[PDB]
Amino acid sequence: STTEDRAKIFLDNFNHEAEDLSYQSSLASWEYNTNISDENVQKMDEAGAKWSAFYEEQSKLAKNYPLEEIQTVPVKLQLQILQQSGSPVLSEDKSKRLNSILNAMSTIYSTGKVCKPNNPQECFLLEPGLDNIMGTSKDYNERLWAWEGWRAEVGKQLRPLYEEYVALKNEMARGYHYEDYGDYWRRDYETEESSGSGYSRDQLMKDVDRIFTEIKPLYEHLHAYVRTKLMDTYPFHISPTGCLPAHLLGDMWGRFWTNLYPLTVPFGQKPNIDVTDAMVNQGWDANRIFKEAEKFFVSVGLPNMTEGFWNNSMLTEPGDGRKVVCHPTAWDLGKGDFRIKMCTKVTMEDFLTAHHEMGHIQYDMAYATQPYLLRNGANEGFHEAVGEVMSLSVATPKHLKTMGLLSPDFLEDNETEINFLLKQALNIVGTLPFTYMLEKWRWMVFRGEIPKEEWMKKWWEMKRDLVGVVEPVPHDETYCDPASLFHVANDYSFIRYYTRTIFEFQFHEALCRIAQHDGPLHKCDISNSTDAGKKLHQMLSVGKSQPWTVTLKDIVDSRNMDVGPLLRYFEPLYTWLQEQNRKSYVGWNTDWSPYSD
């Protein structure tokens, strides 16, 4: 009978036949990430190949069911994701060449190593030693050697590869009927309709651009503060009106200013809200970190981690000489199989991380009842945001006090407040212009707005202009510094890390108000709430079965991205910074550099 009847049966069949295929692809991809070897690469390739073939044939068959005569929204959605797919887009030669370029870039990033100039026998990889230097070192020249060495030994290699990678990805994108690869990336937020008023792909650019200006004062004050304190540890290398040197920002890129906290803490006489040392002293291990995260989620009414999660996850780097991907990832393999892969060090960063990744898992579990095709966050930002929302309440000194970690007397006041909000600000505010500038530079490169001949030039202009961060050494076009960050050379979009931030605070504010939190946003800890947990789980269950705007409206009673909450969360820190910078300069002069004064 009805076309939609027939489409529901079609998709029924499609779900059941797709289950084992995807499962075997996740399973083999997983074996490869826990045990990397050529053999396991072969297994990943053939498994993925059957996934692709099957998907093609199904995608074509979905076009027999025309969208016009489908009445139900989740059915029409599934048919949409099937119909607007297919794989015959790039010639086979070009596909093999793209995949080999992707592979090359990935393994260069993960194997690239820089040696010391006075011991070419002694190099470092990024993933342990160079990370350590850039995250803890307080010597200028050392940080310079590692920053430049990485961009010169590994970036310069990734340049010609990256140039080809753009052309091919853009071709594939144009084949799918997208403006460019960037547009194709931005499709993640797009929503169909209601009255003809849906989220369009250009809109994401507009909202991102609007929030960026709205964040300018808070960011710039944070920047002026960090600038004056850095003057103390690098005396003759910082201009009080200049940009900030990129190699001095606490990690290999300045993605996060967290590790600047010992160099910038407002009131260091007060204890320590970096609970790393306390964690170590108390005998914490990987299992403790994750059992504790679990307990937190349970407390708001959410389920335990599944038995299979504990059984077969990799929560630490193995000691049996297997090589692995230490990059943290949360896996929804299917068939109820949820796993986390990370190499857990006993630090507060990984503690928080463990909440973030467990938040990914908790989102997957809740939309597991949705059809196969609809098992996905409302958008990438949503999925990235959930775990972080949890880690906000966890990070609170009040919450920390209750689980060891801070001595029970402690005593909170406005100094410990400022300490905490300064730490958060390093992590959260410091990353917004960075994430923004990186993805914008990518987007414009994809749109052809930036030619090859200006790629580094333009890049550093935007670092100077938007981020207020200047390169310590001039870089010509043989460099490819965007690619020296994992996400760019491994072909992941990066705007997820910006929207997430915004969404996170909207979530926090909604949930805190459901917790009946009496007071400032930043003291809120939704532990033991349950009503909070139920409201959040009501959100998570929807998956992508429903326009991320509509489900957003069901939580924060708004349909739009809003930094209002982020701003109110930091407002105490903001007025404090305002007083502290009364005798600093605020903002920066993009013409100063450390190689030309």
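Throughout, we count residues from 1 along the sequence that is shown.
Student: 237 to 245 versus 283 to 291: which one carries the higher mean Cα B factor per the record?
Tutor: Higher of the two, by average CA B-factor, is 283 to 291.
Student: For the higher mean C-alpha B factor in the entry, choose 44 to 52 or 553 to 561.
Tutor: Here the higher of the two C-alpha B-factor means belongs to 44 to 52.
Student: Could you say which of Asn311, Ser110, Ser200, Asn379 has its CA atom at the highest B factor, as listed in the PDB entry?
Tutor: It is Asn311.
Student: Between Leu374, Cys115, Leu161, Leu230, which one tops the list for C-alpha B-factor in the PDB entry?
Tutor: Among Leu374, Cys115, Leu161, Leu230, the PDB entry lists the largest C-alpha B-factor for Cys115.
Student: In terms of the CA temperature factor given in the entry, to which third of its chain does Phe446 belong: lowest, middle or highest?
Tutor: CA B-factor rank for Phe446: middle third.
Student: Where does the C-alpha B-factor of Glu415 rank in its chain, lowest, middle or highest third?
Tutor: For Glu415, the deposited C-alpha B-factor lands in the middle third.
Student: How does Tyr261 rank on Cα B-factor within its chain, lowest, middle or highest third?
Tutor: It belongs to the lowest third of the chain when residues are ordered by C-alpha B-factor.
Student: Quick one: classify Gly254 as lowest, middle or highest third of the chain based on its Cα B-factor.
Tutor: Tercile = lowest for this residue's CA B-factor.
Student: Pull the Cα B-factor of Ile36 out of the PDB entry and bin it into the chain's lowest, middle or highest third.
Tutor: Highest third, going by the recorded CA B-factors of the chain.
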